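**Q** here we go, the starting part of the complex in its complex frame:
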Amino acid sequence: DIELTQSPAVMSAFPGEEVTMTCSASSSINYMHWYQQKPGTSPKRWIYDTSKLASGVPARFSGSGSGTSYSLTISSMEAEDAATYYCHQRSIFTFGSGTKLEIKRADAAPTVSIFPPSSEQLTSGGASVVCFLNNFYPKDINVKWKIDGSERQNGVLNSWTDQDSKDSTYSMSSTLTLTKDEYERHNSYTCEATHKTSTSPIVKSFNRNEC
C-alpha cells in the first residue's frame, strides 16, 4: 500500500519565522493535498494539487514537491496559522499523521492552586485532589505529588489544554484520585510544579486535618 508520513509531528515557531513541513510517500505519487485542522472544527482544504491554494489561503503559504517528497511552507508565519496540517493524495487510505504547528512565546511560570477533595465527593467515598497549573509556557512541565513527605506516583492523571488562542499559554490539571479511606490515612498533600522558568519548584499544599 502507498503510505504517507509527515515530519515534524510537532513544531513551534515565533510569528515572523519561515515554517516548512514535509510529507513523504512510500512510493511515487503526484497531486498532493493539504488539510488544515484546528481544535473543535472540521479539516479544511488548504492546498491541493501539490501547489494550488484553496480559497481564503494567504499567499504566505505554498505547497511543493514531487515523487516521494512533498512539503508545505509558510513565510512570515502568523498566529492564525497555528493548526494541524495533514497531507493526503487520491490513492491513499490513511491521511498523513499531521504536523501540529504551535506558537512560540515568552516563557511563563504556572499559577498553581490545589484543592482538597470536596465534602460532597467524600460523602460518595471518593477523594480527588485537584491541582491546576494555569497559564504557563512552554508546554513541558513536571508535576510532583508528595503525601506526608514521600513522593506519590500512582493515581495521578494530567490533562493539558490546547495552546490558548489569545495568549498562547498552556494550562494543565493534575488530579490525584484516591479512595476516601486512603485519603483519610494521610495528612499533608503537596502539588509541586517544576518548569524551566525557575530552578525552584512552585509548591502548594494543605493538611487534611485542617478545615
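**A** On my side now, so go ahead. Numbering: from 1, shown residues only, chains lettered A, B, ... in the order given.

**Q** domains for chain A, by residue range?
**A** Domain ranges of chain A: A:4-103, A:111-207, per curated CATH domains.

**Q** report the distance from the first one to the chain centre.
**A** If you compare the mean C-alpha spot of domain A:4-103 with that of the full chain, they lie 18 Å apart, counting by C-alpha atoms, centre = their mean, to the nearest Å.

**Q** mean neighbour count added to the domains of chain A, as TSV?
**A** (C-beta placed from N, C-alpha, C; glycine too.) Converted to TSV, these look like this (neighbours: other C-beta atoms under 10 Å):
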stretch	mean neighbour count
domain A:4-103	16
domain A:111-207	16
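
**Q** residue contacts, the residue nearest the centre of chain A?
**A** Geometric centre of chain A, nearest residue: residue A:162, 5.2 Å, by C-alpha atoms, centre = their mean. Contacts for residue A:162 (C-beta atoms under 8 Å, 6 or more residues apart in numbering) come out as residue A:39.

**Q** let me know the secondary structure of it.
**A** coil (DSSP: H, G, I helix; E, B strand; the rest coil).

**Q** next up, phi/psi of it, please.
**A** When quoted as degrees, to the nearest 10, the phi and psi of residue A:162 stand at phi -60, psi 150.

**Q** what about residue A:121, which helix or strand?
**A** helix A:119-123 (DSSP states H and E).

**Q** same thing with residue A:144?
**A** strand A:142-147.

**Q** that strand pairs with which strands, parallel or anti?
**A** Using DSSP bridges, strand A:142-147 pairs in its sheet with strand A:150-152 (antiparallel), strand A:188-194 (antiparallel).

**Q** the last one: how far from the chain's middle?
**A** Think strand A:188-194. The answer for strand A:188-194 is 22 Å, by C-alpha atoms, centre = their mean.

**Q** tell me if I'm right that residue A:92 and residue A:5 touch.
**A** No: with contact defined as C-beta atoms under 8 Å, residue A:92 does not count as touching residue A:5 (11.2 Å).

**Q** distance between the ends of stretch A:48-63?
**A** Stretch A:48-63 has an end-to-end distance of 8 Å (criterion: C-alpha to C-alpha, to the nearest Å).

**Q** hmm, I was thinking of stretch A:156-164
**A** Start-to-end span of stretch A:156-164 (C-alpha to C-alpha) is 24 Å.

**Q** now the sequence for chain B, which goes on the structure above:
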Amino acid sequence: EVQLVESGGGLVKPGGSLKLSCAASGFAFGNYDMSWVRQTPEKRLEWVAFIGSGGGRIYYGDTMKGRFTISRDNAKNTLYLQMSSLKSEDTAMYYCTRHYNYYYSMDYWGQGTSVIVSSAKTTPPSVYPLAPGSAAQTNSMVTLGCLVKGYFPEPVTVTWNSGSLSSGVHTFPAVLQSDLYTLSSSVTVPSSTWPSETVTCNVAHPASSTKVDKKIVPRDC
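**A** Placing chain B onto the earlier chains gives this:
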C-alpha cells in the same frame, strides 16, 4: 452557501449497526463525487468510503472489509453510510466530504458526526465544587474549580455564572478513569469578589439530559 450537515452518530454496542446521514445544500449535489472520512480519537484520518456522482462507482478503505455501505439519494440531496458489525476501532468522528475534481481533493467538509462503539452506558456526571478550604489563597486573585466526574459519553459543556465569567476560565480535556470521563474546570476571579459575589459552574451533559449548577461556597471548616 454550500452546506454539508451530518447526522445519526451516537453510542452503539460492539457488533451493532448505524446509518449516518449527510444532508447537502447549496450546490447541485448530483454532479459531485462524495466521500466519508473518519477521524479516530488519535486524530488519524481515514478515507472510509467514496461514491461517484451517479452512485455507480464506489470505493472503500482498507479496514472497512465489507462492513460499510455508502449510498446516496440525489433526489433528496443526501449521502448515507450504513455501518455494521461495528468494532471498537470504528469509534471516530465521521465527516461527509465533497470532491472538487478528478484528483480528489475534498473541497467541502461537514461538521462531522460522532460514533462511539463500546459497551459503556450513558452516565450523568457527578459535579463537585472546588473551594480552596484548607488550601486557602491570599493574593488579589482567587482560583476556584468544578470537578466533573463519572460521565459517558463525551461531551460535557462547562460554563461559569451562565457564561458571564468567560475570561479566566480553563476547562481541561476529559480523561477516561474507570472507563468513565472526568474533567475539571478552573475559574479565576478577584479575591475581593468571592464569596461576596456568587460563583457557579454550569455543567450540561446532553446525552443524559442533565443540567447541574454547583455554587462554589467557602467550606464550613
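
**Q** quick recheck of the contacts of residue A:162 now chain B is there?
**A** A:39, B:173 (C-beta atoms under 8 Å, 6 or more residues apart in numbering or on different chains).

**Q** from residue A:173, how far off is it?
**A** Distance, residue A:162 to residue A:173, using C-beta to C-beta, to the nearest Å: 13 Å.

**Q** mind listing the helices for chain A?
**A** A:119-123, A:180-184 (DSSP state H).

**Q** domains for chain B, by residue range?
**A** Taken from curated CATH domains, chain B resolves into B:3-117, B:126-216.

**Q** in stretch B:77-94, what's buried?
**A** B:77, B:78, B:79, B:80, B:81, B:83, B:86, B:90, B:91, B:92, B:93, B:94 (16 or more other C-beta atoms under 10 Å in any protein chain shown).

**Q** repeat for stretch B:96-103
**A** B:96, B:97, B:98, B:99, B:100, B:103.

**Q** which of those residues fall within strands?
**A** Among these, the members falling in strands are B:96, B:97, B:98, B:99 (criterion: DSSP state E).

**Q** list the contacts for the third one?
**A** Read it as residue B:98. With C-beta under 8 Å, 6+ apart, residue B:98 has these contacts: B:2, B:4, B:24, B:27, B:32, B:33, B:34, B:35, B:106, B:107, B:108, B:109.

**Q** overlap between those residues and the residues near chain A?
**A** The subset of the contacts of residue B:98 within reach of chain A, by C-beta under 8 Å from any C-beta of the partner chain, is B:106, B:107, B:108, B:109.

**Q** reformat those as JSON lines; add neighbour count and secondary structure.
**A** As requested, those are arranged in JSON lines below (neighbours: other C-beta atoms under 10 Å in any protein chain shown; DSSP: H, G, I helix; E, B strand; the rest coil):
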{"residue": "B:106", "neighbour count": "23", "secondary structure": "strand"}
{"residue": "B:107", "neighbour count": "17", "secondary structure": "strand"}
{"residue": "B:108", "neighbour count": "21", "secondary structure": "strand"}
{"residue": "B:109", "neighbour count": "21", "secondary structure": "strand"}
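
**Q** can you tell me which two in these are farthest apart?
**A** B:107 and B:109 (8.5 Å; C-beta to C-beta).

**Q** mutual contacts of those two, please.
**A** A:45, B:98.

**Q** now the spatially most central residue of chain B: how far from residue A:178?
**A** What sits nearest the mean C-alpha location of chain B, by C-alpha atoms, centre = their mean, is residue B:155, with 5.6 Å. Going from residue B:155 to residue A:178 by C-beta to C-beta gives 26 Å.
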